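Chemist: Just so it is clear, I am handing over run_28.cif, which has mmCIF, C-alpha atoms and all ligand atoms; chains and numbers go by the auth columns.
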```
data_data
#
loop_
_atom_site.group_PDB
_atom_site.id
_atom_site.type_symbol
_atom_site.label_atom_id
_atom_site.label_comp_id
_atom_site.label_asym_id
_atom_site.label_seq_id
_atom_site.Cartn_x
_atom_site.Cartn_y
_atom_site.Cartn_z
_atom_site.B_iso_or_equiv
_atom_site.auth_seq_id
_atom_site.auth_asym_id
ATOM 1 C CA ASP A 1 -36.889 12.709 -7.335 0.00 1 A
ATOM 2 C CA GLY A 2 -40.101 12.914 -9.423 0.00 2 A
ATOM 3 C CA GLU A 3 -38.666 10.093 -11.565 0.00 3 A
ATOM 4 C CA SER A 4 -38.091 7.888 -8.473 0.00 4 A
ATOM 5 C CA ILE A 5 -41.666 8.587 -7.314 0.00 5 A
ATOM 6 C CA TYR A 6 -43.167 7.898 -10.789 0.00 6 A
ATOM 7 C CA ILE A 7 -41.140 4.709 -11.395 0.00 7 A
ATOM 8 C CA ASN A 8 -41.216 3.039 -7.941 0.00 8 A
ATOM 9 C CA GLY A 9 -42.036 5.512 -5.116 0.00 9 A
ATOM 10 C CA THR A 10 -45.791 5.259 -5.811 0.00 10 A
ATOM 11 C CA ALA A 11 -48.417 2.700 -4.754 0.00 11 A
ATOM 12 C CA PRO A 12 -49.880 1.630 -7.144 0.00 12 A
ATOM 13 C CA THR A 13 -46.739 2.357 -9.211 0.00 13 A
ATOM 14 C CA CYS A 14 -47.537 4.902 -11.978 0.00 14 A
ATOM 15 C CA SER A 15 -45.021 3.215 -14.331 0.00 15 A
ATOM 16 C CA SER A 16 -46.965 -0.072 -14.346 0.00 16 A
ATOM 17 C CA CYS A 17 -49.830 1.729 -16.151 0.00 17 A
ATOM 18 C CA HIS A 18 -48.432 4.889 -17.792 0.00 18 A
ATOM 19 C CA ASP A 19 -45.268 3.286 -19.233 0.00 19 A
ATOM 20 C CA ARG A 20 -47.434 0.959 -21.377 0.00 20 A
ATOM 21 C CA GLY A 21 -50.597 3.134 -21.569 0.00 21 A
ATOM 22 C CA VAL A 22 -52.858 0.689 -19.678 0.00 22 A
ATOM 23 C CA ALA A 23 -56.541 1.388 -20.486 0.00 23 A
ATOM 24 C CA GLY A 24 -55.349 4.287 -22.689 0.00 24 A
ATOM 25 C CA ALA A 25 -53.546 6.059 -19.809 0.00 25 A
ATOM 26 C CA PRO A 26 -51.809 9.166 -21.267 0.00 26 A
ATOM 27 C CA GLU A 27 -48.261 7.934 -21.948 0.00 27 A
ATOM 28 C CA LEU A 28 -44.854 9.543 -21.457 0.00 28 A
ATOM 29 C CA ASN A 29 -43.342 11.620 -24.301 0.00 29 A
ATOM 30 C CA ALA A 30 -46.796 11.665 -25.971 0.00 30 A
ATOM 31 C CA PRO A 31 -47.885 15.381 -25.904 0.00 31 A
ATOM 32 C CA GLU A 32 -51.038 14.556 -27.935 0.00 32 A
ATOM 33 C CA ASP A 33 -52.301 12.437 -24.991 0.00 33 A
ATOM 34 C CA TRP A 34 -52.062 15.488 -22.673 0.00 34 A
ATOM 35 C CA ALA A 35 -52.903 18.385 -25.077 0.00 35 A
ATOM 36 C CA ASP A 36 -56.672 17.965 -24.465 0.00 36 A
ATOM 37 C CA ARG A 37 -56.338 17.440 -20.673 0.00 37 A
ATOM 38 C CA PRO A 38 -56.103 20.427 -18.235 0.00 38 A
ATOM 39 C CA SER A 39 -52.280 20.167 -18.413 0.00 39 A
ATOM 40 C CA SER A 40 -51.933 22.388 -15.318 0.00 40 A
ATOM 41 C CA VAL A 41 -50.220 20.147 -12.694 0.00 41 A
ATOM 42 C CA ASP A 42 -52.394 21.772 -9.978 0.00 42 A
ATOM 43 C CA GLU A 43 -55.503 20.478 -11.835 0.00 43 A
ATOM 44 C CA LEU A 44 -54.069 17.104 -12.957 0.00 44 A
ATOM 45 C CA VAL A 45 -53.232 16.257 -9.330 0.00 45 A
ATOM 46 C CA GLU A 46 -56.946 16.567 -8.389 0.00 46 A
ATOM 47 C CA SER A 47 -57.855 14.137 -11.187 0.00 47 A
ATOM 48 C CA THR A 48 -55.095 11.864 -9.875 0.00 48 A
ATOM 49 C CA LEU A 49 -56.227 12.039 -6.214 0.00 49 A
ATOM 50 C CA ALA A 50 -59.892 11.452 -7.161 0.00 50 A
ATOM 51 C CA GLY A 51 -59.066 8.831 -9.835 0.00 51 A
ATOM 52 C CA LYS A 52 -59.982 8.842 -13.557 0.00 52 A
ATOM 53 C CA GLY A 53 -61.268 5.985 -15.732 0.00 53 A
ATOM 54 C CA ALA A 54 -59.086 3.013 -14.772 0.00 54 A
ATOM 55 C CA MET A 55 -56.866 5.160 -12.475 0.00 55 A
ATOM 56 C CA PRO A 56 -57.872 4.479 -8.824 0.00 56 A
ATOM 57 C CA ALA A 57 -58.208 7.323 -6.317 0.00 57 A
ATOM 58 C CA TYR A 58 -54.800 8.310 -4.834 0.00 58 A
ATOM 59 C CA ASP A 59 -56.186 10.427 -1.927 0.00 59 A
ATOM 60 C CA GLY A 60 -54.249 8.982 1.052 0.00 60 A
ATOM 61 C CA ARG A 61 -52.056 6.528 -0.925 0.00 61 A
ATOM 62 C CA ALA A 62 -49.987 9.375 -2.439 0.00 62 A
ATOM 63 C CA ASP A 63 -49.902 12.928 -1.119 0.00 63 A
ATOM 64 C CA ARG A 64 -50.579 15.875 -3.462 0.00 64 A
ATOM 65 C CA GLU A 65 -46.834 16.706 -3.077 0.00 65 A
ATOM 66 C CA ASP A 66 -45.744 13.193 -4.191 0.00 66 A
ATOM 67 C CA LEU A 67 -48.277 13.247 -6.995 0.00 67 A
ATOM 68 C CA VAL A 68 -47.213 16.750 -8.112 0.00 68 A
ATOM 69 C CA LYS A 69 -43.553 15.642 -8.287 0.00 69 A
ATOM 70 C CA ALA A 70 -44.526 12.556 -10.347 0.00 70 A
ATOM 71 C CA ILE A 71 -46.849 14.579 -12.626 0.00 71 A
ATOM 72 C CA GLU A 72 -44.273 17.304 -13.406 0.00 72 A
ATOM 73 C CA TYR A 73 -41.795 14.472 -14.134 0.00 73 A
ATOM 74 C CA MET A 74 -44.364 12.837 -16.483 0.00 74 A
ATOM 75 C CA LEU A 75 -45.048 16.157 -18.235 0.00 75 A
ATOM 76 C CA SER A 76 -41.311 16.976 -18.536 0.00 76 A
ATOM 77 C CA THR A 77 -41.004 14.167 -21.160 0.00 77 A
ATOM 78 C CA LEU A 78 -43.603 15.790 -23.473 0.00 78 A
HETATM 79 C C1 LIG B . -48.890 7.362 -10.003 0.00 101 A
HETATM 80 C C2 LIG B . -49.129 8.013 -8.634 0.00 101 A
HETATM 81 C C3 LIG B . -49.743 7.996 -11.077 0.00 101 A
HETATM 82 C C4 LIG B . -49.730 9.300 -11.464 0.00 101 A
HETATM 83 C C5 LIG B . -48.871 10.421 -10.933 0.00 101 A
HETATM 84 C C6 LIG B . -50.732 9.445 -12.494 0.00 101 A
HETATM 85 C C7 LIG B . -51.091 10.652 -13.089 0.00 101 A
HETATM 86 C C8 LIG B . -52.055 10.798 -14.080 0.00 101 A
HETATM 87 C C9 LIG B . -52.471 12.059 -14.648 0.00 101 A
HETATM 88 C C10 LIG B . -51.867 13.388 -14.305 0.00 101 A
HETATM 89 C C11 LIG B . -53.512 11.797 -15.481 0.00 101 A
HETATM 90 C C12 LIG B . -54.389 12.764 -16.236 0.00 101 A
HETATM 91 C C13 LIG B . -55.432 13.440 -15.341 0.00 101 A
HETATM 92 C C14 LIG B . -56.407 14.324 -16.109 0.00 101 A
HETATM 93 O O1 LIG B . -56.794 13.949 -17.214 0.00 101 A
HETATM 94 O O2 LIG B . -56.778 15.368 -15.577 0.00 101 A
HETATM 95 C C15 LIG B . -53.677 10.373 -15.493 0.00 101 A
HETATM 96 C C16 LIG B . -54.626 9.721 -16.258 0.00 101 A
HETATM 97 C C17 LIG B . -54.840 8.353 -16.274 0.00 101 A
HETATM 98 N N1 LIG B . -54.105 7.427 -15.569 0.00 101 A
HETATM 99 FE FE1 LIG B . -52.703 7.830 -14.161 0.00 101 A
HETATM 100 N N2 LIG B . -51.302 8.217 -12.781 0.00 101 A
HETATM 101 C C18 LIG B . -50.750 7.323 -11.885 0.00 101 A
HETATM 102 C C19 LIG B . -51.117 5.979 -11.793 0.00 101 A
HETATM 103 C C20 LIG B . -51.996 5.308 -12.640 0.00 101 A
HETATM 104 C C21 LIG B . -52.261 3.889 -12.582 0.00 101 A
HETATM 105 C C22 LIG B . -51.704 2.972 -11.526 0.00 101 A
HETATM 106 C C23 LIG B . -53.024 3.577 -13.665 0.00 101 A
HETATM 107 C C24 LIG B . -53.449 2.201 -14.136 0.00 101 A
HETATM 108 C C25 LIG B . -54.533 1.545 -13.273 0.00 101 A
HETATM 109 C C26 LIG B . -53.344 4.835 -14.322 0.00 101 A
HETATM 110 C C27 LIG B . -54.219 4.982 -15.401 0.00 101 A
HETATM 111 C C28 LIG B . -54.597 6.197 -15.969 0.00 101 A
HETATM 112 C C29 LIG B . -55.657 6.373 -16.953 0.00 101 A
HETATM 113 C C30 LIG B . -56.395 5.253 -17.643 0.00 101 A
HETATM 114 C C31 LIG B . -55.872 7.716 -17.044 0.00 101 A
HETATM 115 C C32 LIG B . -56.935 8.521 -17.754 0.00 101 A
HETATM 116 C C33 LIG B . -57.941 7.809 -18.643 0.00 101 A
HETATM 117 C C34 LIG B . -59.028 8.789 -19.055 0.00 101 A
HETATM 118 O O3 LIG B . -60.182 8.569 -18.697 0.00 101 A
HETATM 119 O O4 LIG B . -58.689 9.789 -19.685 0.00 101 A
HETATM 120 N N3 LIG B . -52.685 5.879 -13.689 0.00 101 A
HETATM 121 N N4 LIG B . -52.793 9.768 -14.622 0.00 101 A
#
```
Could you write out this file's structure as structure tokens?
Ligand code: HEM
Modeler:
Amino acid sequence: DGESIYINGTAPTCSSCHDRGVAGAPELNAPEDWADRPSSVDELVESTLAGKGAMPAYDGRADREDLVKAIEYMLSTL
């Protein structure tokens, strides 16, 4: 599911950064970190595909669908 994707079914693995908050990556169950961001999954996924700050571009490494499933999973902890 989205959890599987987020934890291990991603390359690079989202967990590795977001679990700890590497380079200030918006963490899980941390609504404040997301409040300011365009929380809309459909927007967040673009940021994810393109890359943001330390986050590399995902375009090709993870499909929008994969990403979406991971992102909604991330957001569901907030
Ligand atoms: C794994 C595929 C993965 C997902 C999914 C993911 C999502 C994600 C979102 C939705 C954001 C916010 C986008 C926005 O602000 O519009 C976000 C932000 C950051 N991430 Fe991420 N992220 C995934 C993976 C990784 C990896 C592997 C790293 C560490 C190199 C990482 C880091 C960050 C950082 C830093 C940001 C934003 C920093 C900023 O400038 O605000 N993410 N991620």
Chemist: Can you tell me how far atom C6 of ligand LIG 101 (chain A) sits from CA of residue 17 in chain A, in Å to one decimal?
Modeler: 8.6 Å
Chemist: Excluding same-chain residues fewer than 6 positions from residue 39 in chain A, what lies within 10 Å of it counting only C-alpha atoms, as a list in words?
Modeler: residues 31, 45, 71, 72 and 75 of chain A
Chemist: Tell me which residues the PyMOL selection byres (((chain A and resi 58) around 10) and not hetatm) grabs here, as a short mmCIF file (atom, residue, chain, number, x, y, z; two decimals) with C-alpha atoms, in the frame of the given file.
Modeler:
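Full text of part-v6.cif as output:
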```cif
data_model
loop_
_atom_site.label_atom_id
_atom_site.label_comp_id
_atom_site.auth_asym_id
_atom_site.auth_seq_id
_atom_site.Cartn_x
_atom_site.Cartn_y
_atom_site.Cartn_z
CA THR A 10 -45.79 5.26 -5.81
CA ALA A 11 -48.42 2.70 -4.75
CA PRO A 12 -49.88 1.63 -7.14
CA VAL A 45 -53.23 16.26 -9.33
CA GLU A 46 -56.95 16.57 -8.39
CA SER A 47 -57.86 14.14 -11.19
CA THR A 48 -55.10 11.86 -9.88
CA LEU A 49 -56.23 12.04 -6.21
CA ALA A 50 -59.89 11.45 -7.16
CA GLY A 51 -59.07 8.83 -9.84
CA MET A 55 -56.87 5.16 -12.48
CA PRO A 56 -57.87 4.48 -8.82
CA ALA A 57 -58.21 7.32 -6.32
CA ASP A 59 -56.19 10.43 -1.93
CA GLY A 60 -54.25 8.98 1.05
CA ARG A 61 -52.06 6.53 -0.92
CA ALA A 62 -49.99 9.38 -2.44
CA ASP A 63 -49.90 12.93 -1.12
CA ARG A 64 -50.58 15.88 -3.46
CA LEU A 67 -48.28 13.25 -7.00
#
```
Chemist: Give me, please, the distance in Å between CA of residue 1 in chain A and CA of residue 23 in chain A, quoted to one decimal.
Modeler: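 So the two atoms, CA of residue 1 in chain A and CA of residue 23 in chain A, lie 26.2 Å apart.
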Chemist: Running the PyMOL selection byres (((chain A and resi 30) around 12) and not hetatm) on this model by hand, what would come out? Give it as number ranges by chain.
Modeler: A: 18-21, 24-29, 31-36, 74-78
Chemist: Taking only C-alpha atoms into account, which of A:3, A:40, A:8, A:22 comes nearest residue 70 in chain A?
Modeler: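 The answer is A:3, which sits nearest to residue 70 in chain A.
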Chemist: To one decimal place, how far is CA of residue 6 in chain A from CA of residue 44 in chain A in Å?
Modeler: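 Atom-to-atom, CA of residue 6 in chain A to CA of residue 44 in chain A, that is 14.4 Å.
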Chemist: Could you check which of A:7, A:66, A:54, A:42 is closest to ligand LIG 101 (chain A), using all atoms listed in the file?
Modeler: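 Using all atoms listed in the file, ligand LIG 101 (chain A) sits closest to A:54.
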Chemist: Hey, which of A:41, A:14, A:65, A:73 ends up closest to ligand LIG 101 (chain A)? Count all atoms listed in the file.
Modeler: A:14
Chemist: Find the smallest box with edges along x, y and z containing every listed atom of ligand LIG 101 (chain A), then add 5 Å on each side and report centre and edge lengths in Å to one decimal, as JSON.
Modeler:
```
{"center_x": -54.5, "center_y": 8.5, "center_z": -14.2, "size_x": 21.3, "size_y": 23.8, "size_z": 21.1}
```
Chemist: Since the input lacks some atoms of range 38-73 of chain A, please model N, CA and C atoms and print them as a short mmCIF file (atom, residue, chain, number, x, y, z; two decimals), in the coordinates of the input.
Modeler:
```cif
data_model
loop_
_atom_site.label_atom_id
_atom_site.label_comp_id
_atom_site.auth_asym_id
_atom_site.auth_seq_id
_atom_site.Cartn_x
_atom_site.Cartn_y
_atom_site.Cartn_z
N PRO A 38 -56.53 19.23 -18.95
CA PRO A 38 -56.10 20.43 -18.24
C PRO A 38 -54.67 20.19 -17.73
N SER A 39 -53.69 20.47 -18.59
CA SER A 39 -52.28 20.17 -18.41
C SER A 39 -51.70 20.71 -17.11
N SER A 40 -52.31 21.77 -16.58
CA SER A 40 -51.93 22.39 -15.32
C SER A 40 -51.78 21.32 -14.22
N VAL A 41 -50.55 21.13 -13.73
CA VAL A 41 -50.22 20.15 -12.69
C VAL A 41 -51.21 20.24 -11.53
N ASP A 42 -51.49 21.47 -11.08
CA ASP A 42 -52.39 21.77 -9.98
C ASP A 42 -53.82 21.24 -10.21
N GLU A 43 -54.22 21.06 -11.48
CA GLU A 43 -55.50 20.48 -11.84
C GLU A 43 -55.33 18.96 -11.95
N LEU A 44 -54.36 18.51 -12.74
CA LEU A 44 -54.07 17.10 -12.96
C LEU A 44 -53.99 16.33 -11.64
N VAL A 45 -53.36 16.92 -10.62
CA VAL A 45 -53.23 16.26 -9.33
C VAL A 45 -54.61 15.96 -8.72
N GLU A 46 -55.61 16.82 -8.92
CA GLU A 46 -56.95 16.57 -8.39
C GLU A 46 -57.51 15.32 -9.07
N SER A 47 -57.45 15.28 -10.40
CA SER A 47 -57.86 14.14 -11.19
C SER A 47 -57.18 12.88 -10.65
N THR A 48 -55.88 12.97 -10.40
CA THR A 48 -55.10 11.86 -9.88
C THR A 48 -55.61 11.45 -8.49
N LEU A 49 -55.77 12.39 -7.55
CA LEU A 49 -56.23 12.04 -6.21
C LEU A 49 -57.60 11.37 -6.26
N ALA A 50 -58.52 11.94 -7.04
CA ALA A 50 -59.89 11.45 -7.16
C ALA A 50 -59.97 10.14 -7.95
N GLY A 51 -59.08 9.96 -8.93
CA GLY A 51 -59.07 8.83 -9.84
C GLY A 51 -59.71 9.26 -11.15
N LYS A 52 -59.45 8.52 -12.24
CA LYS A 52 -59.98 8.84 -13.56
C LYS A 52 -59.98 7.58 -14.42
N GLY A 53 -61.15 7.18 -14.92
CA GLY A 53 -61.27 5.98 -15.73
C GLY A 53 -60.77 4.78 -14.94
N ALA A 54 -59.71 4.15 -15.43
CA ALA A 54 -59.09 3.01 -14.77
C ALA A 54 -58.24 3.44 -13.57
N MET A 55 -57.74 4.68 -13.54
CA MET A 55 -56.87 5.16 -12.48
C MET A 55 -57.62 5.22 -11.15
N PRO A 56 -57.24 4.43 -10.13
CA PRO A 56 -57.87 4.48 -8.82
C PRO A 56 -57.62 5.83 -8.15
N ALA A 57 -58.40 6.12 -7.10
CA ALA A 57 -58.21 7.32 -6.32
C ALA A 57 -56.89 7.21 -5.56
N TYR A 58 -56.07 8.27 -5.55
CA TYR A 58 -54.80 8.31 -4.83
C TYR A 58 -54.90 8.99 -3.47
N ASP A 59 -55.98 9.72 -3.19
CA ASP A 59 -56.19 10.43 -1.93
C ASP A 59 -55.90 9.54 -0.71
N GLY A 60 -54.72 9.72 -0.11
CA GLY A 60 -54.25 8.98 1.05
C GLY A 60 -53.08 8.06 0.71
N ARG A 61 -53.11 7.43 -0.47
CA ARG A 61 -52.06 6.53 -0.92
C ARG A 61 -50.84 7.33 -1.39
N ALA A 62 -51.06 8.46 -2.07
CA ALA A 62 -49.99 9.38 -2.44
C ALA A 62 -50.45 10.77 -2.06
N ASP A 63 -49.56 11.57 -1.47
CA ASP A 63 -49.90 12.93 -1.12
C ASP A 63 -49.75 13.81 -2.35
N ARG A 64 -50.62 14.80 -2.48
CA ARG A 64 -50.58 15.88 -3.46
C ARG A 64 -49.13 16.25 -3.82
N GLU A 65 -48.24 16.39 -2.83
CA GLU A 65 -46.83 16.71 -3.08
C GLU A 65 -46.14 15.61 -3.91
N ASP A 66 -46.31 14.35 -3.50
CA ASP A 66 -45.74 13.19 -4.19
C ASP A 66 -46.23 13.21 -5.63
N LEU A 67 -47.55 13.22 -5.74
CA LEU A 67 -48.28 13.25 -7.00
C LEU A 67 -47.71 14.34 -7.89
N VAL A 68 -47.73 15.57 -7.41
CA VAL A 68 -47.21 16.75 -8.11
C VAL A 68 -45.84 16.44 -8.70
N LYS A 69 -44.91 15.96 -7.86
CA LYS A 69 -43.55 15.64 -8.29
C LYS A 69 -43.55 14.58 -9.40
N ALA A 70 -44.43 13.58 -9.32
CA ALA A 70 -44.53 12.56 -10.35
C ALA A 70 -45.10 13.15 -11.63
N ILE A 71 -46.15 13.97 -11.51
CA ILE A 71 -46.85 14.58 -12.63
C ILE A 71 -45.91 15.52 -13.38
N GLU A 72 -45.20 16.42 -12.70
CA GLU A 72 -44.27 17.30 -13.41
C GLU A 72 -43.21 16.46 -14.12
N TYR A 73 -42.73 15.38 -13.48
CA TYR A 73 -41.80 14.47 -14.13
C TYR A 73 -42.44 13.88 -15.40
#
```
